[PDB]
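These notes are about the structure you will find just below.
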Amino acid sequence: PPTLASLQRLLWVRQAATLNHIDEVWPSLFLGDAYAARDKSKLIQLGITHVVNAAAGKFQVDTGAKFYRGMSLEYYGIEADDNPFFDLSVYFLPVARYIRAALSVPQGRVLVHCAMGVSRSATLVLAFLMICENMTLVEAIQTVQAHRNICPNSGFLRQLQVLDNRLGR
């Protein structure tokens, strides 16, 4: 039963020197920022077929389905705030189902992006790994941080920590 303080240490302790705009943190599952989400060329190059925008809203990254009209990808917008009291857990299961289905397809290439692809987005991926990949919160973080510096809100961590106890049983 990892403590919150522990999880935080784990996150900061093993960080790489730099952070790219996007990284494949799991086979065909990418974590990225708003710069990558708006770069259509890049998305076409990586063959992205699905985009989960965890920072939707006209006051955040207002891309939306319209933005990808030409490309033939699936859009999933989530109006989430990145503060420790926002309830992101309510999207853990529906997003995990969404990722799973997308990755069950040969072409399937999923990009989960935040404004910085380090908190909201990362939290959804961790939830996906825990739920569909049978990983504990610890294993999930280890899996992802080996490919991208991530740092979910202390609140998101608390939520993931609660998910971990639920899945554990």
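Just add 24 to the spot in the sequence shown (first one is 1) and you have the deposited numbering. All C-beta atoms, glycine included, are put in the ideal place defined by N, C-alpha and C.
Can you list the beta strand (DSSP E) stretches of 3 or more residues lying completely in the segment 81-164, in chain order?
98-101 and 134-137
Does the segment 28-36 come close enough to the segment 122-131 to have 3 or more Cβ pairs within less than 8 Å?
no
With three or more C-beta pairs closer than 8 Å as the rule, is the segment 45-53 touching the segment 78-89?
no
Which listed residue (178, 138 and 115) has its alpha carbon closest to that of residue 29
Within the sequence shown, the letter at position 5 stands for residue 29. Of 178, 138 and 115, the residue nearest in Cα terms is 178.
The alpha helix (DSSP H) with residue 177 in it runs from where to where?
Indexing the sequence shown from 1 puts residue 177 at position 153. Neither: residue 177 is in no alpha helix (DSSP H) and is coded neither H nor E.
So what's residue 47 in DSSP terms, helix, strand or just coil?
Stepping through the sequence shown from its first residue, residue 47 is reached at position 23. Three-state result, residue 47: strand.
Taking Cβ positions, are residue 164 and residue 154 nearer each other than 7 Å?
The residue you call residue 164 lines up with position 140 of the sequence shown. The residue you call residue 154 lines up with position 130 of the sequence shown. The answer is yes: Cβ separation under 7 Å.
Classify residue 114 as buried or exposed, calling it buried when 16 or more other Cβ atoms lie within 10 Å of its own Cβ.
If you number the sequence shown from 1, residue 114 lands on position 90. Looking at its Cβ environment, which holds fewer than 16 other Cβ atoms inside 10 Å, residue 114 is exposed.
Taking the alpha carbon of residue 70 as the reference point, which residue from 83, 192 and 56 has its own alpha carbon closest?
Walking along the sequence shown from the start, residue 70 turns up at place 46. When each option's Cα is compared against that of residue 70, the closest is 56.
Return the chain-ordered list of same chain residues with a C-beta closer than 7 Å to the C-beta of residue 183, the five sequence neighbours on each side being excluded.
Working through the sequence shown from its first residue, we reach residue 183 at position 159. 112 and 113, listed in sequence order.
Assuming contact is defined by CB atoms lying nearer than 7 Å, are residue 144 and residue 188 in contact in what I supplied?
For the purposes of this step, residue 144 is identified with residue 120 of the sequence shown, where counting begins at 1. For the purposes of this step, residue 188 is identified with residue 164 of the sequence shown, where counting begins at 1. Cβ distance not < 7 Å, so residue 144 and residue 188 don't count as in contact.
Is it buried or exposed for residue 95, if we count other Cβ within 10 angstroms and need 16 for buried?
As a working mapping, residue 95 is identified with position 71 in the sequence shown. Under this definition residue 95 is an exposed residue.
Just confirm the distance between the C-beta atoms of residue 134 and residue 148, as a whole number of angstroms; I'd bet it's less than 8 Å.
Counting from 1 along the sequence shown, the entry for residue 134 is found at position 110. Counting from 1 along the sequence shown, the entry for residue 148 is found at position 124. At roughly 10 Å, the Cβ-Cβ gap does not stay under 8 Å, so residue 134 and residue 148 are not in contact.
How many angstroms separate the CA atom of residue 162 from the CA atom of residue 31?
Here the question's residue 162 lines up with position 138 in the sequence shown. Here the question's residue 31 lines up with position 7 in the sequence shown. Using only the alpha carbons, I get a separation of about 8 Å.
Drop a sphere of 10 angstroms on the beta-carbon of residue 39, count the other beta-carbons inside from all chains shown, and report buried for 16 or more, exposed for fewer.
One-based indexing of the sequence shown puts residue 39 at position 15. Under this definition residue 39 is an exposed residue.
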